[PDB]
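*Asks:* Next up, model-v8.cif (mmCIF, C-alpha atoms and all ligand atoms).
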data_run
loop_
_atom_site.group_PDB
_atom_site.id
_atom_site.type_symbol
_atom_site.label_atom_id
_atom_site.label_comp_id
_atom_site.auth_asym_id
_atom_site.auth_seq_id
_atom_site.Cartn_x
_atom_site.Cartn_y
_atom_site.Cartn_z
ATOM 1 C CA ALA A 1 -12.780 2.666 -15.639
ATOM 2 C CA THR A 2 -11.549 4.220 -12.414
ATOM 3 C CA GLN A 3 -8.164 5.882 -12.893
ATOM 4 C CA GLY A 4 -5.596 7.350 -10.530
ATOM 5 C CA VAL A 5 -6.233 4.812 -7.746
ATOM 6 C CA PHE A 6 -3.366 2.550 -6.692
ATOM 7 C CA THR A 7 -2.919 -0.093 -3.996
ATOM 8 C CA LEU A 8 0.528 0.244 -2.434
ATOM 9 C CA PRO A 9 2.015 -2.061 0.198
ATOM 10 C CA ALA A 10 0.880 -0.959 3.632
ATOM 11 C CA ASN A 11 2.956 1.398 5.791
ATOM 12 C CA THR A 12 5.403 2.186 2.976
ATOM 13 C CA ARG A 13 7.001 5.512 2.087
ATOM 14 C CA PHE A 14 6.469 6.713 -1.479
ATOM 15 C CA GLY A 15 7.365 9.765 -3.533
ATOM 16 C CA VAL A 16 4.791 11.823 -5.418
ATOM 17 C CA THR A 17 5.768 14.489 -7.957
ATOM 18 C CA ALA A 18 3.582 16.606 -10.243
ATOM 19 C CA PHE A 19 4.440 18.413 -13.489
ATOM 20 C CA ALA A 20 2.292 20.969 -15.325
ATOM 21 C CA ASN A 21 1.820 21.448 -19.099
ATOM 22 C CA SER A 22 -1.216 23.711 -19.520
ATOM 23 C CA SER A 23 -2.152 27.362 -19.644
ATOM 24 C CA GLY A 24 -4.533 26.651 -16.738
ATOM 25 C CA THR A 25 -3.459 26.356 -13.117
ATOM 26 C CA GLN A 26 -3.490 22.695 -12.075
ATOM 27 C CA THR A 27 -4.589 21.446 -8.658
ATOM 28 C CA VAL A 28 -3.314 17.988 -7.675
ATOM 29 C CA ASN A 29 -4.710 16.253 -4.585
ATOM 30 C CA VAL A 30 -3.185 13.071 -3.156
ATOM 31 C CA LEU A 31 -5.439 11.025 -0.876
ATOM 32 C CA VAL A 32 -4.211 8.265 1.440
ATOM 33 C CA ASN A 33 -6.982 6.050 2.837
ATOM 34 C CA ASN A 34 -9.533 8.490 1.369
ATOM 35 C CA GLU A 35 -8.074 11.493 3.243
ATOM 36 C CA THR A 36 -6.112 14.365 1.714
ATOM 37 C CA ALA A 37 -2.393 13.935 2.411
ATOM 38 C CA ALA A 38 -0.854 16.471 0.008
ATOM 39 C CA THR A 39 -2.015 19.189 -2.381
ATOM 40 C CA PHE A 40 0.021 20.755 -5.188
ATOM 41 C CA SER A 41 -0.905 23.749 -7.315
ATOM 42 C CA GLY A 42 0.882 25.589 -10.100
ATOM 43 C CA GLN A 43 0.840 26.712 -13.714
ATOM 44 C CA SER A 44 3.403 25.888 -16.396
ATOM 45 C CA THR A 45 3.515 25.088 -20.102
ATOM 46 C CA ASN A 46 7.117 23.820 -19.805
ATOM 47 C CA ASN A 47 6.852 20.761 -17.518
ATOM 48 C CA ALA A 48 7.667 22.635 -14.304
ATOM 49 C CA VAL A 49 7.551 20.642 -11.078
ATOM 50 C CA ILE A 50 4.542 22.028 -9.201
ATOM 51 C CA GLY A 51 5.099 19.798 -6.162
ATOM 52 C CA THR A 52 7.108 16.897 -4.764
ATOM 53 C CA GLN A 53 6.709 15.157 -1.422
ATOM 54 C CA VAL A 54 7.274 11.925 0.487
ATOM 55 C CA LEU A 55 4.184 10.308 2.019
ATOM 56 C CA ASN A 56 3.355 7.077 3.841
ATOM 57 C CA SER A 57 0.811 4.666 2.373
ATOM 58 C CA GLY A 58 -0.580 3.897 5.830
ATOM 59 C CA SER A 59 -2.518 0.882 7.017
ATOM 60 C CA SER A 60 -4.704 0.604 3.898
ATOM 61 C CA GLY A 61 -2.140 1.293 1.174
ATOM 62 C CA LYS A 62 -4.850 3.056 -0.845
ATOM 63 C CA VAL A 63 -3.498 6.090 -2.719
ATOM 64 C CA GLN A 64 -5.640 8.216 -5.041
ATOM 65 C CA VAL A 65 -4.556 11.076 -7.312
ATOM 66 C CA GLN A 66 -7.113 13.731 -8.273
ATOM 67 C CA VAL A 67 -6.511 16.545 -10.766
ATOM 68 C CA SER A 68 -8.755 19.564 -11.299
ATOM 69 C CA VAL A 69 -8.719 23.077 -12.731
ATOM 70 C CA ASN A 70 -10.755 25.516 -10.614
ATOM 71 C CA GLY A 71 -12.740 22.610 -9.193
ATOM 72 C CA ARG A 72 -13.497 20.972 -12.553
ATOM 73 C CA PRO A 73 -12.090 17.411 -12.519
ATOM 74 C CA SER A 74 -9.752 16.561 -15.367
ATOM 75 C CA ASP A 75 -10.049 13.314 -17.292
ATOM 76 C CA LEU A 76 -7.412 10.915 -15.964
ATOM 77 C CA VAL A 77 -5.349 8.122 -17.467
ATOM 78 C CA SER A 78 -3.182 5.909 -15.289
ATOM 79 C CA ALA A 79 -1.179 2.696 -14.998
ATOM 80 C CA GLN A 80 1.296 1.027 -12.661
ATOM 81 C CA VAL A 81 4.569 -0.460 -13.922
ATOM 82 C CA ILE A 82 6.961 -2.680 -11.955
ATOM 83 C CA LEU A 83 10.567 -3.214 -13.057
ATOM 84 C CA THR A 84 12.698 -6.184 -11.911
ATOM 85 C CA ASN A 85 9.857 -7.140 -9.535
ATOM 86 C CA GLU A 86 10.981 -4.368 -7.157
ATOM 87 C CA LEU A 87 10.788 -0.828 -8.558
ATOM 88 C CA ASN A 88 7.272 0.611 -8.806
ATOM 89 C CA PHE A 89 5.895 3.526 -10.820
ATOM 90 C CA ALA A 90 2.299 4.703 -10.534
ATOM 91 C CA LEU A 91 1.692 7.082 -13.432
ATOM 92 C CA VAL A 92 -1.115 9.599 -13.990
ATOM 93 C CA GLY A 93 -1.862 11.846 -16.938
ATOM 94 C CA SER A 94 -4.731 14.300 -17.133
ATOM 95 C CA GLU A 95 -6.639 16.316 -19.725
ATOM 96 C CA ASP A 96 -8.279 19.627 -18.794
ATOM 97 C CA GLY A 97 -9.505 20.530 -22.300
ATOM 98 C CA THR A 98 -10.035 19.294 -25.835
ATOM 99 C CA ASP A 99 -6.624 18.675 -27.441
ATOM 100 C CA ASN A 100 -6.170 15.285 -25.702
ATOM 101 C CA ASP A 101 -2.457 15.556 -25.007
ATOM 102 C CA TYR A 102 -3.160 14.237 -21.466
ATOM 103 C CA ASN A 103 -0.094 16.055 -20.091
ATOM 104 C CA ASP A 104 -1.838 19.019 -18.464
ATOM 105 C CA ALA A 105 -0.863 17.642 -15.080
ATOM 106 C CA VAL A 106 1.458 14.621 -15.016
ATOM 107 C CA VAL A 107 1.864 12.807 -11.696
ATOM 108 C CA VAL A 108 4.532 10.208 -10.902
ATOM 109 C CA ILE A 109 4.408 8.080 -7.751
ATOM 110 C CA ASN A 110 7.465 5.935 -7.053
ATOM 111 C CA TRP A 111 8.449 3.400 -4.395
ATOM 112 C CA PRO A 112 10.313 2.009 -2.529
ATOM 113 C CA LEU A 113 12.399 4.907 -1.254
ATOM 114 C CA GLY A 114 15.633 4.933 0.706
HETATM 115 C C1 LIG A 201 -6.115 25.837 -22.847
HETATM 116 O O1 LIG A 201 -5.722 26.690 -23.607
HETATM 117 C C2 LIG A 201 -5.876 24.365 -23.172
HETATM 118 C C3 LIG A 201 -4.668 23.879 -22.456
HETATM 119 O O2 LIG A 201 -3.479 24.687 -22.359
HETATM 120 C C4 LIG A 201 -2.697 24.566 -23.581
HETATM 121 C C5 LIG A 201 -1.514 25.530 -23.534
HETATM 122 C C6 LIG A 201 -2.233 23.100 -23.820
HETATM 123 O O3 LIG A 201 -1.378 22.647 -22.748
HETATM 124 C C7 LIG A 201 -3.487 22.246 -23.725
HETATM 125 O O4 LIG A 201 -3.060 20.871 -23.749
HETATM 126 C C8 LIG A 201 -4.210 22.427 -22.425
HETATM 127 O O5 LIG A 201 -5.332 21.490 -22.386
HETATM 128 CA CA CA A 202 -4.601 19.192 -22.797
HETATM 129 CA CA CA A 203 -1.085 20.295 -22.370
#
Could you take the file, read its structure, and then write that structure out as structure tokens?
Ligand SMILES: *C(=O)C[C@@H]1O[C@@H](C)[C@@H](O)[C@@H](O)[C@@H]1O
Ligand SMILES: [Ca+2]
Ligand SMILES: [Ca+2]

*Replies:*
Amino acid sequence: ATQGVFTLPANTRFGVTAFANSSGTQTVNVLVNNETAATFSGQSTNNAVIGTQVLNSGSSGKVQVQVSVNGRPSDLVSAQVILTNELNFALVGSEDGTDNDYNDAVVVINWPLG
């Protein structure tokens, strides 16, 4: 199944934050309406924040997270969770290798802000 694609409410600010847990440099791309809106890159085996930013979901609300290592796409897992019908988390894990810890880049999208 497709992973890392989330439909947000239109024209809504959201946070996106990426953590790294791999010996390989992670590249995280965030697309809004199929167009790159932010790109994070970094290397850490200790959960370092490699990027954090506030974006707007735009007219379509379509947000997509892509993760790759030197252009090779990682295998993604994702889900969205809503607490008290108000607080939203869009969660992405990714695997760049064979150990299947799925933490090599971890991406958290959260909304609403403010
Ligand atoms: C490369 O060595 C594999 C890679 O980096 C490890 C340190 C560990 O984070 C593993 O999960 C990751 O896929
Ligand atoms: Ca891994
Ligand atoms: Ca890892």

*Asks:* Neighbours of ligand LIG 201 (chain A) within 12 Å, counting only C-alpha atoms and all ligand atoms, as JSON, numbers by chain?

*Replies:* {"A": [19, 20, 21, 22, 23, 24, 25, 26, 43, 44, 45, 46, 47, 68, 69, 74, 75, 93, 94, 95, 96, 97, 98, 99, 100, 101, 102, 103, 104, 105, 106]}

*Asks:* Just the number, please: distance in Å from CA of residue 71 (chain A) to CA of residue 52 (chain A), one decimal.

*Replies:*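 That distance, rounded to one decimal, is 21.1 Å.
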
*Asks:* Which polymer residues have any atom within 7 Å of an atom of residue 78 (chain A), counting all atoms listed in the file, with same-chain residues fewer than 3 positions away left out, as an NGL selection string?

*Replies:* :A and (3-4 or 91-93)

*Asks:* Considering all atoms listed in the file, state which residue in the set A:11, A:88, A:70, A:64 is at the smallest distance from residue 34 (chain A).

*Replies:* A:64

*Asks:* Evaluate the PyMOL selection byres (((chain A and resi 112) around 8) and not hetatm) here and jot the selected residues down as a list in words.

*Replies:*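 Applying the PyMOL selection byres (((chain A and resi 112) around 8) and not hetatm) to the structure shown produces residues 12, 13, 14, 86, 87, 88, 110, 111, 113 and 114 of chain A.
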
*Asks:* Taking (1.2, -0.7, 3.9) in the file's coordinates, which residues come within 10 Å, counting all atoms listed in the file, written as JSON, numbers by chain?

*Replies:* {"A": [7, 8, 9, 10, 11, 12, 13, 56, 57, 58, 59, 60, 61, 62]}

*Asks:* Could you please take those selected residues and save C-alpha atoms as a PDB file, keeping the file's coordinate frame?

*Replies:*
ATOM      1  CA  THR A   7      -2.919  -0.093  -3.996  1.00  0.00           C
ATOM      2  CA  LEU A   8       0.528   0.244  -2.434  1.00  0.00           C
ATOM      3  CA  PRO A   9       2.015  -2.061   0.198  1.00  0.00           C
ATOM      4  CA  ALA A  10       0.880  -0.959   3.632  1.00  0.00           C
ATOM      5  CA  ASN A  11       2.956   1.398   5.791  1.00  0.00           C
ATOM      6  CA  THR A  12       5.403   2.186   2.976  1.00  0.00           C
ATOM      7  CA  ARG A  13       7.001   5.512   2.087  1.00  0.00           C
ATOM      8  CA  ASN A  56       3.355   7.077   3.841  1.00  0.00           C
ATOM      9  CA  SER A  57       0.811   4.666   2.373  1.00  0.00           C
ATOM     10  CA  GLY A  58      -0.580   3.897   5.830  1.00  0.00           C
ATOM     11  CA  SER A  59      -2.518   0.882   7.017  1.00  0.00           C
ATOM     12  CA  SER A  60      -4.704   0.604   3.898  1.00  0.00           C
ATOM     13  CA  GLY A  61      -2.140   1.293   1.174  1.00  0.00           C
ATOM     14  CA  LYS A  62      -4.850   3.056  -0.845  1.00  0.00           C
TER      15      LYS A  62
END

*Asks:* Grab the atom CA of ligand CA 202 (chain A) to CA of residue 51 (chain A) distance for me, in Å with one decimal place.

*Replies:* 19.3 Å
